[PDB]
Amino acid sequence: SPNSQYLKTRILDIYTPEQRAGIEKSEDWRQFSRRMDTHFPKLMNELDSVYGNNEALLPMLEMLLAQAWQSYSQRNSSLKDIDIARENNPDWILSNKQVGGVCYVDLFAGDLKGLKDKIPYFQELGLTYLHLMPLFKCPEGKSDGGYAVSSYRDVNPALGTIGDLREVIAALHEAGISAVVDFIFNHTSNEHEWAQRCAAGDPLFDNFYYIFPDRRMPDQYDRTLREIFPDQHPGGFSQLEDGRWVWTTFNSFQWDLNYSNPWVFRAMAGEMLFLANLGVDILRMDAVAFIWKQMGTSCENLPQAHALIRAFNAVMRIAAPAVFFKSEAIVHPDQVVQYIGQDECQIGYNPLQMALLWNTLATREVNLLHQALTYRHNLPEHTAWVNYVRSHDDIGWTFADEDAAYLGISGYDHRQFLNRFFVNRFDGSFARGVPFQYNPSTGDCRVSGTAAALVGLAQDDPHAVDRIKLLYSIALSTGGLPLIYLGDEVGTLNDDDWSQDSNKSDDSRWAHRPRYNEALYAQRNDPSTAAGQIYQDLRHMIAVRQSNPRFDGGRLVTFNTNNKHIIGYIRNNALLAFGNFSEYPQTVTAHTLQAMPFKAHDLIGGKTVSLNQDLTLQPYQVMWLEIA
């Protein structure tokens, strides 16, 4: 394997003797050279573990390093300052000062210029992180909400131009908000130039995707593949007009990129550098679990997938240190955490906590949630969870069957209950969600619907507002970076037209992708409305989280409340949080509280609470007690 010093001498060979002398003395080269020596070993080791003695490895690597140097040289000075700032502050992601939000540019603000006008509101709310949904060119009509990319460089004309995107990012940074965008690297749309050229037989794009002559291999692979969108097609393949079959894990118009080809890694690394230089702070690594395939396996979470992500990480440490990764791995808990690491994805979605928050609202019992917070919350140094209540996607019940069995709970039976409950097919349920991808062959199913729709706000359930407060309180205080699905802060309900829209009717996820509700946002300062109650309560919790150091970091220790309806945990051995998941008053006995201070201030309600006597919580009440 080649070493950093040797490879750098070749990077400089493009310069004449005179130019070379100047480059070698430049500050940019000095920084690039230093980072190469420190991080190149990791890049080489990761690529070697995947490609081994592949003849294309060396040539691909040298091409990638040459591009990395040009990219860093071009990188704006202001971004280079952020690179240095984060190099020496790896835990910026763990600060309690961080609070994020996510929204679709078109649905929330019309276009990029409109989004820019919403920045003052984001500052009003207290956001320091903003994830904008897929912004680039995609197929007209059906594109999986922009996740079928037809071009990684051209902005969706309905949203604006690449110039408008630069202005937006600059404006976000000026307002103290980090820009977060998707890195859709597992697949492209079937209309992407690479796909068209690969399928046409262009040698330059040979083996950029997985294309087969017939069903022989597809049938073999399908013996172990999980269906993500069973409604769209069976297994993981789709047939082309000419009769061939292509690997399509998701929709048929999304073709999986072939990472067994080193040139594909180089191509996508180039796209990552492009996004990095636009000023993006965090890249959401979409579908990380699926980037490596192997016959006889589920083609999910394979070793090479992790290695490739660690290789991408090293490229950023060398050419754009400020860029961090957010892993999107909605899989088994044992597998979710394997993507999180300082050298892989520094942060990642926490689907287990999210799914269990909803589980607990339905069952009124905190058993599973307590178990998860006790054994699966703490992470390695310099990494953090992204805690959320809802997202642009459906809710999947990804808790571990093994964990549940230990509590005497049957995974399959329990998911049946949760699905029926949340789609209003269970006596007395307050939820008004909609089914997503019910699979007749497996019995699995997911749930669509906004947070407000799922807690009963559509029918004005008197407990709805308090349920929303409880859910968000936990994502905001357990430790990690909380992500608010914009619109939830004013109680936005399901979209009213998706079910009859021919481009959306077969994808219920659109039920929870409503447009900015002018009426509700105009009521956010009125305490007599649901919108005003939800907004002021969430804003208050955000204010407390960001100003109180007791919430800093991502570690927690659970507290046994001795009441199956009340969750309890402690942050920094100084903040005791209690959350009542019952619609009835619930008590934490004085006996249980004997070791606590006699009195403690509650940050939620603002009153002083006595802990040397029975503590009774009202339905869905949350308490944030300062015990130190």
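Counting begins at 1, following the sequence as shown.
- When 418-426 is weighed against 110-118, 110-118 comes out higher, by mean CA B-factor as recorded in the entry.
- When the mean C-alpha temperature factors of 162-170 and 219-227 are read from the deposited coordinates, 162-170 comes out higher.
- Residues shown: 256, 497, 394, 286. Highest C-alpha temperature factor in the entry: 497.
- Of the candidates 205, 147, 472, 385, it is 205 whose Cα B-factor is highest according to the PDB record.
- Per the PDB record, residue ranking by Cα B-factor puts residue 41 in the middle third of the chain.
- Annotation for residue 189: CA B-factor lies in the middle third of the chain's modelled residues.
- Ranked within its chain, residue 569 lands in the lowest third, by CA B factor from the PDB record.
- In the PDB entry, a CA B factor belonging to the lowest third of its chain's modelled residues is recorded for residue 353.
- The entry lists a Cα temperature factor for residue 478 that places it in the lowest third of the chain's modelled residues.
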